[PDB]
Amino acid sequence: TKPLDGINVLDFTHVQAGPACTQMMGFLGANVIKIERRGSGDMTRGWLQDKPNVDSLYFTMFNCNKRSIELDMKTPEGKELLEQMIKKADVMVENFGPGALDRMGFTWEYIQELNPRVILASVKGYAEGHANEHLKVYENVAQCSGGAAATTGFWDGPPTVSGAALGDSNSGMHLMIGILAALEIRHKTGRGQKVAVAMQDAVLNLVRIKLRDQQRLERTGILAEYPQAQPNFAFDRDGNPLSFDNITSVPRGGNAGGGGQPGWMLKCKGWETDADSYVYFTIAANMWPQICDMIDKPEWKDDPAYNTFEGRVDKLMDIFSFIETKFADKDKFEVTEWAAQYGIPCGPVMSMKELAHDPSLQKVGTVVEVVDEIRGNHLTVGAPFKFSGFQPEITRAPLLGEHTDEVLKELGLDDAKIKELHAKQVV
């Protein structure tokens, strides 16, 4: 019915990457038990709160479909409690620092002894065996490590961070592939495995297209689809010309097409006061006649200076600036509608306000209103994969330690034994 019905997940994860993974597993039916430290819990509970003493949207948008237990794991009685939980678990997920889980006496070797079928899944900054294996890494450092910062932004500006979570959430989704892959192994062998994703590596996987460019750049000396390939277009902050004559590593291309065909971010009406009043407009090679029709340049259809990719290289940025002139009195939706008539790939820059209140995204289950009778309802992002015979049922994030007694009951413990654990301050 739901993909991960009956999968028990022992969840040690905190902050963004790990919780993203286990929340999505939760959305697909997994039984997720969140192990948190006493008093404070996941640090996201108290970061960027919109209301004092209420769990922040940081926490609640990453921790739906979970239960929370409190546990001091650096105590003898906390360690025997884990062992019982590990024996019930199908998957153990963690994103502590590199040596953290081993130094608690729960090495992969010992975990295998406790439960032969359990999968250990971890997110790290860098892969095991890497020179930076032992480093603690945060979102933007991870983007810098994996090639994304170097290849994002403008030639005359700094390396630029992406607003998308290429380090954290991306690494969590990659780990989900790892976990589900290990579940498929287990069907054959009957044994669990260890799966690990480095944030640097998850970033690199998405920057594969720029490793393509690096090799083209080495082999040929030029990237013809880049703005710097147009003579006399790009300059540094001191007015020096930028060209591929002197470029040996993949440059920042502004709003160039990347893995798509050539494109640019073009202003629409009201761009001076509206930060998101833009479209992205693509010049696909086989759509040049249609573009010529749209912008009333019939003379450009038969001109070899304009009618091939190769002819347009010395003037592509001039072509985009001319096209942009046609959008000066039209908003982004009107431009997108106009382009659609011609079959030209083109779409608006959607603001976060526009996305948060879009009826379509709520219709399809991608933006979801979570019912939270304790904190008030909030929006979250649902499952991005849609299935023919399954619908996620998203439910609110747990309060700290809300299910501690509930899970101890399930472990076999009776009332008196729980009373002792509370008294010893282990839970």
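The first residue of the shown sequence is 1; numbering continues from there.
Relative to one another, 241-249 and 90-98 have unequal mean CA B-factors, and 90-98 is the one with the higher figure. As recorded in the PDB entry, 80-88 is the stretch of 80-88 and 280-288 with the greater mean C-alpha temperature factor. The entry lists C-alpha B-factors for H187, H357, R312, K267, and the highest of these is at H187. Out of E113, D331, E225, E218, the entry records its largest CA B-factor for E113. When all modelled residues of the chain are sorted by CA temperature factor, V367 is found within the lowest third. Ranked against the other modelled residues of its chain, the C-alpha B-factor of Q49 as given in the entry falls in the highest third. Annotation for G178: C-alpha temperature factor in the middle third relative to the rest of the modelled chain, per the entry. When the modelled residues of the chain are ordered by C-alpha B-factor, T404 sits in the highest third. Ranked against the other modelled residues of its chain, the C-alpha B-factor of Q193 as given in the entry falls in the highest third.
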